[PDB]
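Cβ atoms come from the backbone with ideal geometry, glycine included; neighbour counts cover every protein chain shown. Every number in this text was worked out from the coordinates using simple rules, so none of it is lab data.
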2 protein chains.
Amino acid sequence: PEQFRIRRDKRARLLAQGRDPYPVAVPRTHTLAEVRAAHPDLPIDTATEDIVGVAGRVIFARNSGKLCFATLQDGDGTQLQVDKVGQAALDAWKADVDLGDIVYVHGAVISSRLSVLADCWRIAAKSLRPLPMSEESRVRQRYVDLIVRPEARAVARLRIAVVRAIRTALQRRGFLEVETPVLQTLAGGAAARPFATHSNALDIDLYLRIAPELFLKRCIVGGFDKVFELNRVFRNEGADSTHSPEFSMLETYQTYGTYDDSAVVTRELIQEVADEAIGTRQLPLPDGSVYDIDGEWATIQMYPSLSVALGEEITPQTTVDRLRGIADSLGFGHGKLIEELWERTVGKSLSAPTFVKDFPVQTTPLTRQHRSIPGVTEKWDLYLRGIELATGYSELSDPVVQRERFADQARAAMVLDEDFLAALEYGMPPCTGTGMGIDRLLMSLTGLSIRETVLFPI
Amino acid sequence: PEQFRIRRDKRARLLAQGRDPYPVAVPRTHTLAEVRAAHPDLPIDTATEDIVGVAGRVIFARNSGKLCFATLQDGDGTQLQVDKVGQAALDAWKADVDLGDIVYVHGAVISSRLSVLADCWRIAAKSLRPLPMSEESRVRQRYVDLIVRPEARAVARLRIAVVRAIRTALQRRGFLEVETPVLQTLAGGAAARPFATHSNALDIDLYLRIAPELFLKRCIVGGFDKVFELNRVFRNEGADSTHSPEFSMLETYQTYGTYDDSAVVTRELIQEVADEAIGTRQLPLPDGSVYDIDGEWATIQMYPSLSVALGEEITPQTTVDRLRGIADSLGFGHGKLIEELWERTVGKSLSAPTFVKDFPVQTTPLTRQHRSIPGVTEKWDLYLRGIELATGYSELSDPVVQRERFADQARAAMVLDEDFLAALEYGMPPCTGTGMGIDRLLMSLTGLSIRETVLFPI
Ligand SMILES: CCOc1nc(N)nc2c1c(=O)n(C1CCCCCC1)n2CCC1CNC1
Ligand SMILES: CCOc1nc(N)nc2c1c(=O)n(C1CCCCCC1)n2CCC1CNC1
Ligand SMILES: N[C@@H](CCCC[NH3+])C(=O)O
Ligand SMILES: N[C@@H](CCCC[NH3+])C(=O)O
């Protein structure tokens, strides 16, 4: 709080002296990891003439008369420590260097009684704020978090690897990644309230996408065989531990397969991700426990599993009056009640990775009706560690069914998405699409909160 | 316009008959490209017993008594044509199939007097709109465009390959891809008017990002060595042939290099992209001409090149009164005039790939001051076929300079981005960032308009 000002004084008295505390270029020859990997086993307390120029943040200090010692930490976490050359050097070192400062050191690498002893040295950046964190002050200052807490570094890097692993996996299977509009004249593809924004260009409101599905489906019409899109969607609603207004989401579409096929791919995908990004399918948790995601995953059906849980045959024919009865005895329409009752009974119990499939028609307007069973659609949800993570559909390609479905939805709350429906009636071949939530994915894999999985939330 | 209704009648009279015109699953064993690559050279008018099930859009038809012929076109453009099995089959074929329809055919592949002769056949999707386009009706119905025009297919696929090539190139060089917020409490990183939107969660306006730079720079503070982000930005301004309110943009940041270093990388990157996505650096144009992007690219300086063009020494010292004089004699502040005069004289002439570097301080608040030359910053722009495509900076890591820079900008039009400035004063190491525009990139490579480079504009 005071040291704020002495640092700012250290800046000004360097400019006046004509020593640059924010130089344009310092000749860093090696990352610290490069130096460590280069000199793994080294005779302790012995010299080597490998001259190198390294840089890093001075995090520890121990000044002492003729020799000074400080730990240098590169941005990724790696560490190297630092008569030699000049006395004024040491004077400047003492008087100019503070903790949190970025410094360059040229010299030869030696082994401590793994350090480097300096020919030259320079400031690369002057810190006007010493380093210190509540979980919320962590999020509001991620940049400090990443500097001073290792786990922040590992989580950031893990998200990145997971996202790369996803691209790899889909690309290996012959999927093409596409960019579809964020700004739309009307936002569809999911059930949520949009963010609205006004355009100076057109003097109209546009709406940020809630999902890419409707546009992705146009691509399938247009002759894409296999397409995906990994990017942010926007749902103007409340925040909780599994919901945020902006988050990253994966949609996948594949022609000439069903929800049976996309279920297999989804499993393989998640498993292939663990392998690449985490290295095990026996997933360690902060709990201390281990979650096993290996092998095969159980598939249940919604109506039957709900039936066993309630001890009574529930079907698509079961009335809202009856459902409401059961809803009460525990604590709008048919579909909503089935999913609610199922979630409160079956989905809450689940631990092992589980698919639930065959969903009520009311609440699934974009998914095809089931091939044999009446009253249900070909949709699955994937629960992983009790987290709704992913869905897949046998996609409805029937435009007149689809027009009805929207009309039913519109009257319930009349402007339909006429261009989407127009596209469907040029002919969309049979396909299965999936959605997956990236943070929920990581959450399910790690036990980490949504406020840790993304770099910069609010 | 009438045939709209006969198609819709063909749908209904199939449902009633209990033949599904939008089946969930048809067993397509092979893409058409798979069949073509399998049977390249084949004795013409001879049989082979490779049974396969293919699917595709019936685009050509020629019905004739006992044998019917139609061209099947897969979504990517590949083509295969189609006593045998059943007469009712042929009756249904004639009466049920229209152009634009998606159809499945099982049977053996044979050579035409390269077709397939049918054991079975089924409708996969019924089209209620026959296929037909003005450049604007092309954009509003991309799905039809992609079906009926080959070039639409190739451009879509090229953008995708270019974007993949970019990720490859950066990933090869050890860059990590990061997601930074689209919704911000205040949007910075470039000069443009934001899109504003209201949050129900917080009862405040948020602003869609104009650029990721300020957040990307936090990542560098936080110890990222090499980071990029390829994703859409939003600038609430007018549309023209090189400007749109939503477009895809690449930002790159690398520690311990300057604008000299990022210039080299940018060249290599663009060149490596051409190689992967296009296959030549002798770029063919709709013109008929060829643009050469191979070898080395010229670097000029703004003030000196402007000087030669005007025949008079222009420096950072040259007054607004003088500049305005020259501006008039041809046809606000110093910086703006330099760039304007330069663009109207030098930048308009350029053809070969050219870097212009060393920019006026006023108009470059985020870039470091030049290491030796006074009055200029270390910024370059890359012109490619006379298109402003890309910039790179030696990044300003000096927080007090940076605070001033914003204050000057704010007073000109007082709320600064205090958190960004806070991050800078924990110490950002020397780095160079770049921006590149994806559509301008493709435009510069191909001669294609911005309304062709993206799938779904408006
Ligand atoms: C990390 C924040 O993720 C999410 N935030 C919000 N607001 N909404 C989200 C999510 C989020 O991850 N999802 C889903 C979850 C898996 C299904 C695929 C799409 C993503 N959804 C929608 C799920 C609804 C369907 N029943 C609840
Ligand atoms: C395809 C549409 O691309 C763009 N649209 C808009 N509205 N603005 C764009 C673009 C667009 O591509 N760019 C730039 C061009 C290259 C520099 C890096 C960022 C991208 N910019 C900003 C450039 C200004 C700096 N002087 C003009
Ligand atoms: N838009 C969907 C994801 C794709 C499901 C398959 N069409 C959702 O948010 O639920
Ligand atoms: N945000 C910049 C691109 C990055 C330039 C390097 N800091 C722009 O739009 O011009």
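For region B:214-305, what is the convex hull (Cα atoms) projected area averaged across all directions, in square nanometres?
9.1
Just name one of B:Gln87, B:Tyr426, A:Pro40: the one whose Cα is farthest towards the positive end of the charge dipole of the protein assembly as shown (beta-carbon charges, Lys/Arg +1, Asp/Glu -1).
Final value for the positive-end residue is B:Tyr426.
Can you tell which of B:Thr391, B:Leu202, B:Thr364 lies farthest toward the positive end of the dipole of chain B, using +1 and -1 charges on the Cβ of basic and acidic side chains (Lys, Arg; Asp, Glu)?
Checking the options against the dipole of chain B, the answer is B:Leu202.
For chain A, with the dipole built from +1 on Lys and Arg beta-carbon atoms and -1 on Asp and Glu ones, taken about the Cα centre, which of A:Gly188, A:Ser112, A:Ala274 lies farthest toward the positive end?
A:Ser112
Treating cross-link reach as a plain straight distance, find the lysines whose alpha-carbon is under 29 Å from the alpha-carbon of B:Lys357, omitting any fewer than eight places away in the same chain.
A:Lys126, B:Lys217, B:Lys226, B:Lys336, B:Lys348, B:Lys379
When the Cα centres of region A:338-391 and region A:1-75 are compared, how far apart do they sit, in Å?
Measuring centre to centre over Cα atoms gives 57 Å.
How do B:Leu421, B:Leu330, A:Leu323 rank when sorted from fewest to most other Cβ atoms within 10 Å of their own Cβ?
The fewest-first ordering by Cβ neighbours comes to B:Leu330, B:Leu421, A:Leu323.
When a/c reaches 1.5 or more, the comparison of a/b and b/c decides; with that in mind, is region A:283-379 rounded, prolate or oblate per its Cα gyration tensor?
Oblate.
Rank-order A:191-203, A:147-159 by packing density, defined as the average count of other C-beta atoms within 10 Å over each peptide's residues, highest first.
So the peptides A:191-203, A:147-159, ranked by packing, come out A:147-159, A:191-203.
If you take every DSSP beta bridge whose two residues both sit in the protein assembly as shown, what share of them, in percent to the nearest 5, is antiparallel?
If we restrict to bridges inside the protein assembly as shown, about 90 percent are antiparallel.
Given Cβ point charges of +1 (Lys, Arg) and -1 (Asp, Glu) and nothing else, what value in debye, to the nearest 20, does the dipole of region A:404-458 about its Cα centre take?
With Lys and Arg at +1 and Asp and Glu at -1, about 340 debye.
Only four residue types carry charge here, +1 at the Cβ of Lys and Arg and -1 at the Cβ of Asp and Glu. Report the dipole size of region B:123-178 about the Cα centre in Debye, rounded to the nearest 20.
So the magnitude is around 200 debye.
In B, who owns the beta-carbon nearest the axis carrying B over to A, and how many Å from it?
It is B:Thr197, 2, counting Cβ atoms only.
Kindly give the distances from B:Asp119 to its copy-mates, label point to label point, with each label point 7 Å from Cα along Cα→Cβ, as nm values to one decimal ordered shortest first.
With the label placed 7 Å along Cα→Cβ, B:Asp119 yields 7.7 nm.
If you put a point 7 Å past Cα along the Cβ direction, how far is that point for B:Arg281 from the same point in each other copy, in nm, smallest first?
Counterpart label points of B:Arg281 in the remaining copies fall at 4.6 nm.
Rounded, prolate or oblate: which one fits region A:134-271, using the alpha carbon gyration tensor with axes a ≥ b ≥ c (rounded when a/c is under 1.5, else prolate when a/b beats b/c, else oblate)?
Oblate, since a/c reaches 1.5 and b/c is not below a/b.
So the label point sits 7 Å from Cα along the Cα-to-Cβ vector; using that for B:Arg5, what distances do you get to the other copies, in nanometres, sorted shortest first?
For B:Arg5, the other copies' label points sit at 8.7 nm, shortest first.
Using only atoms on other chains, find how many Cβ atoms lie within 10 Å of each Cβ of peptide B:247-259 and report the average.
The mean count of partner-chain Cβ atoms within 10 Å per residue comes to 2.
Taking the Cα centre as origin and putting +1 on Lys and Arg beta-carbons and -1 on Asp and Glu beta-carbons, what dipole magnitude results for region B:334-447, to the nearest 20 debye?
That gives region B:334-447 a dipole magnitude of about 440 debye.
How big is the gap, in Å, between the Cα center of region A:145-160 and the Cα center of region B:185-212?
The distance from the Cα centre of region A:145-160 to that of region B:185-212 comes to 26 Å.
Any idea what the relative contact order of region A:190-269 is, in percent, if you count C-alpha pairs under 8 Å spaced at least 6 apart?
26
Over region B:363-438, with a single point scatterer placed on each C-alpha, what log10 of the ratio I(q)/I(0) does the Debye formula yield at q = 0.11, 0.14, 0.16, 0.26 1/Å?
Taking Cα atoms of region B:363-438 as identical point scatterers yields -0.34, -0.53, -0.68, -1.22.
Is chain A rounded, prolate or oblate when judged by the Cα gyration tensor, a ≥ b ≥ c being the square roots of its eigenvalues, rounded requiring a/c under 1.5 and prolate requiring a/b larger than b/c?
prolate
What does the helix-only formula give at 222 nm for chain A: each DSSP H stretch with n ≥ 4 adding -39500 (n - 2.57), the total divided by the residues, and the result rounded to the nearest 500 deg cm²/dmol?
For chain A, the value works out to -10000 deg cm²/dmol.
Just order B:250-258, B:383-391 by mean Cβ neighbour count inside 10 Å, highest at the front, would you?
B:250-258, B:383-391
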